[PDB]
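The chain below stands alone and is given as structure tokens, in the form deposited in one PDB entry.
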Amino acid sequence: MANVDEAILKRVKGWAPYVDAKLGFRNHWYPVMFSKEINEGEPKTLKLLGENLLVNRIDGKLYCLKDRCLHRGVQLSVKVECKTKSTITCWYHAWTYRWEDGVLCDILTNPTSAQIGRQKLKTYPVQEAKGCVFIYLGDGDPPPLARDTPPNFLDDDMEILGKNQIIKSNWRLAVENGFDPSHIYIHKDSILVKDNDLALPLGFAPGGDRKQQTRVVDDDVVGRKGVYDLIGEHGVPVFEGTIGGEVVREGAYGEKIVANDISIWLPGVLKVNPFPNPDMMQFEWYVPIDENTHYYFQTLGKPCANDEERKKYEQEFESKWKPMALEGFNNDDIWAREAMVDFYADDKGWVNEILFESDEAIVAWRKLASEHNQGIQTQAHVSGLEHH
């Protein structure tokens, strides 16, 4: 939908839609915060896919309104005026909207206005699952949340805990950094490696039967769409890094086996199993905020049968996992993403990049995302759709 120079899109015939999706994919569910972060009657602002939104909790249920008055385009959040439980009144000329359907139900500055009941502020579906707030940034009735979530994230027994933050890089650079088989080289000195006695090679190199290591999923019953990188089951572990034949670096020879299988799913969520411990799983999203930033929504799952277990897990999370894994391990992924910004900033990195064997999995992802995304977000979606 024209976000990139046409000359570049013409060059990347294998995945032009993906290269063009600088603002992300429209018509998909995206996690933006945790349930505990949004309280009853306290609207919270955020930007998703370039759009400013407002989220409010009313009678325990979440509602989402575009944070931009229909009148003069100001953000309602500049000065929040929720004068009745079910509505929000713009601070400027008092146009009032219902949280449930966005209908302009009243205008305090002119209760006789012909606009009343005849205009509607954009609303977006909101759903809470596993203590995470998901917003369907799309049009029409939303598909099942499961379609845009990795396998097992929604298991009844699966206890989800995590953290979220804003990172300065396009979402795609985050995705590819995460689903990259050979990038773990940057984690070779992470405190998680030693402090958790992990077995971690310098690089999971491509085995022989390539299409046996990569598994494209487009037959998932709930509609999921993604790609598996079967490094542990079909890939090769490089534990001794050599230069000129001499060993200059070694991987970690710990006892804990992790990262058996990695998978990337639309709209942009990675699943690492098992990780950071053999009895856990990591699910992380790279949510588009605008063309230069994304939410790095990290979650760790661990089956729990009772509160006593949930509490224990919650304690380990706070004292070990979050500090040693989400931060100790993944922090290097943050500046790694930032490091690729300049090369791709002008969109030319998508042409000049020189890929090697382990990037085969990334290429598969680009084609899958290009073929199965539910829409390309455009700046026009942000300012107001245009058509003659």
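Sequential numbering from 1, following the sequence displayed. If you superpose the two forms and keep the largest set of C-alpha atoms that fall within 1.5 Å, you have the rigid core.
> Comparing 358 to 366 with 316 to 324, where is the mean C-alpha B-factor higher?
Here the higher of the two C-alpha B-factor means belongs to 316 to 324.
> On mean C-alpha B-factor from the PDB entry, just flag whether 246 to 254 or 169 to 177 is the higher one.
Between 246 to 254 and 169 to 177, it is 246 to 254.
> Quick one: which of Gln75, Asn110, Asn277, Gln115 shows the highest Cα temperature factor in the PDB entry?
Of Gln75, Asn110, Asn277, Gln115, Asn277 has the highest C-alpha B-factor.
> Among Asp106, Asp139, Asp290, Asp156, where is the Cα temperature factor highest, going by the PDB entry?
Within the set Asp106, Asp139, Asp290, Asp156, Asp156 shows the top C-alpha B-factor.
> According to the PDB entry, is the CA B factor of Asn27 in the bottom, middle or top third of its chain, that is, lowest, middle or highest?
According to the entry, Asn27 has a C-alpha B-factor in the chain's lowest third.
> Based on the entry's values, in what third of the chain does the Cα temperature factor of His183 lie: lowest, middle or highest?
Middle third.
> Could you tell me which third, lowest, middle or highest, the C-alpha B-factor of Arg310 occupies within its chain?
Its C-alpha B-factor, which the entry lists for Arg310, ranks in the highest third among residues of this chain.
> Sort the modelled residues of this chain by their C-alpha B factor and say whether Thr45 lands in the lowest, middle or highest third.
Middle third by C-alpha B-factor.
> Please place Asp332 in the lowest, middle or highest third of its chain according to the CA B-factor in the PDB entry.
Highest third of the chain for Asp332's C-alpha B-factor.
This next part talks about the form deposited in another entry, which is not shown.
> Which listed residue (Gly162, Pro125, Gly232, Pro151) has a Cα shift of at least 2 Å between this form and the one not shown, rigid core superposed?
Among the listed residues, the outlier is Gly232.
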